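Enquirer: Kindly generate the corresponding structure for this input.
(2 chains)
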Amino acid sequence: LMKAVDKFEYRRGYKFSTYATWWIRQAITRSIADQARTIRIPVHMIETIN
DNA sequence: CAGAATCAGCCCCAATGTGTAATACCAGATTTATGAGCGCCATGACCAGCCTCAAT
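Expert: Residues are numbered from 1 along each chain as shown, chains lettered A, B, ... in the order given. Structure as follows:
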């Protein structure tokens, strides 16, 4: 959310929630793919497994 | 003389401690595997006498 706030633009006329949701979900998924296993697995291989 | 205050004595409530036998894509950077190559310790082939025997 802080990262999304750092790059939000209000001139487009869209609400902040639509822009912030993408960043929040991307950060959450990246964290899950990074630090949720005892043995680290790369993001591309995690995506292939999914 | 009765009053209630601030201290020990007493009591109710909480707490811990015990309990046995064999998503998606995008771009930029990195690395392991096959490319050959220099270079060599050690395989197989000689090759000179000092070391080890014989007859007179």
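
Enquirer: Now do the helices in chain A.
Expert: For chain A, the helices defined by DSSP state H cover A:2-5, A:16-34, A:43-49.

Enquirer: Kindly state which of those helices is positioned closest to DNA strand B.
Expert: Between DNA strand B and those, the tightest spacing by Cβ to the nearest atom of the strand is seen for helix A:16-34, at 3.5 Å. For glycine as for every other residue, the C-beta is placed from the backbone atoms N, C-alpha and C.

Enquirer: Show me which residues of that closest one are buried.
Expert: Residues of helix A:16-34 classed as buried: A:19, A:23, A:33 (neighbour count, 16 or more other Cβ atoms under 10 Å).

Enquirer: what's the closest of those to residue A:8?
Expert: residue A:19 (5.8 Å; Cβ to Cβ).

Enquirer: quick one: that closest one from residue A:37, how far?
Expert: Distance of residue A:19 to residue A:37, given as Cβ to Cβ, to the nearest Å: 30 Å.

Enquirer: For residue A:5, list the residues it contacts.
Expert: Counting by Cβ atoms under 8 Å, 6 or more residues apart in numbering, residue A:5 touches residue A:20.

Enquirer: separation between it and residue A:42?
Expert: Residue A:5 is 29 Å from residue A:42, where distance means Cβ to Cβ.

Enquirer: which residue of chain A sits farthest from its center?
Expert: residue A:11 (23.1 Å; Cα atoms, centre = their mean).

Enquirer: Output the set of residues of chain A in proximity to DNA strand B.
Expert: By the rule Cβ under 7 Å from any atom of the strand, the part of chain A lying against DNA strand B is A:25, A:26, A:29, A:30, A:47, A:50.

Enquirer: quick one: contacts for the second one?
Expert: Just to be clear, that refers to residue A:26. Contacts of residue A:26 by Cβ under 8 Å, 6+ apart: none found.

Enquirer: Next, format the residues of chain A next to DNA strand B as CSV and append distance to residue A:15.
Expert: Output for the residues of chain A next to DNA strand B, formatted as CSV (distance: Cβ to Cβ, whole Å):
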residue, distance to residue A:15
A:25, 16
A:26, 18
A:29, 22
A:30, 24
A:47, 29
A:50, 30
